[PDB]
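Quick heads-up: it's one chain on its own, the form deposited in one PDB entry, in structure tokens.
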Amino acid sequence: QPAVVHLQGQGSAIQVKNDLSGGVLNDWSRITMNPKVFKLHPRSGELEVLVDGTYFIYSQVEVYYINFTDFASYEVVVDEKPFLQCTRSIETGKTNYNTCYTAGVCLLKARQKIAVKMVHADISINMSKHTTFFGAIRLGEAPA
């Protein structure tokens, strides 16, 4: 029954201000991704669901440097509307590796799109397949 996706970070570091259009993480390896339910659009990094349902959504992003903000943040967005937000305060002036995890449950319709959108700042991300990832579980049907 339950279909899943666990997207892993791939490629080198992402320097958010230069390397992301509007902050959407967009280099995802699709190891496990059940295609009956989940479609990754690689260019945009948007994770589309192909079926109505109850979905548990989760993400983790590893930040390793902040230039002059003391604040790394990202939103888990659904059709561009914020659903979850993760914030961490990290001192600048030194390498400070921190994984930033959030998660939660919602109802989705078919063709809705989830993304992990960084808040635009002078931030550096480590795109290691183990510290940065983005996943979901179709738990079952949505009520009605």
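The first residue of the shown sequence is 1; numbering continues from there.
A.B. asks: Comparing average C-alpha B factors as deposited, tell me which of 66-74 and 31-39 sits higher.
C.D. replies: Here the higher of the two C-alpha B-factor means belongs to 66-74.
A.B. asks: On average, are the C-alpha B-factors higher in 18-26 or in 129-137?
C.D. replies: The stretch with the larger mean CA B-factor is 18-26.
A.B. asks: Compare the CA B factors listed in the entry for 87, 44, 99, 102 and report the winner.
C.D. replies: The listed residue with the largest C-alpha B-factor is 44.
A.B. asks: According to the deposited entry, which of 95, 60, 112, 54 has the largest Cα B-factor?
C.D. replies: Going by the entry's C-alpha B-factors, 95 comes out highest.
A.B. asks: Which third, lowest, middle or highest, does the CA B-factor of residue 119 fall in along this chain?
C.D. replies: Tercile = highest for this residue's CA B-factor.
A.B. asks: Using the B-factors in the PDB entry, rank residue 5's C-alpha atom against the chain and give the third, lowest, middle or highest.
C.D. replies: As the PDB entry reports it, the C-alpha B-factor of residue 5 lands in the lowest third of its chain.
Only in words, not in the display: the form deposited with a partner chain bound, which the text now covers.
A.B. asks: Is residue 52 close enough to touch its partner chain in the bound PDB entry, meaning at least one heavy atom pair within 4.5 Å?
C.D. replies: So residue 52 does not count as contacting its partner chain.
A.B. asks: With the partner left out of view, is residue 27 within 4.5 angstroms of its partner chain in the bound PDB entry by any non-hydrogen atom?
C.D. replies: Residue 27 belongs to the contact set for its partner chain.
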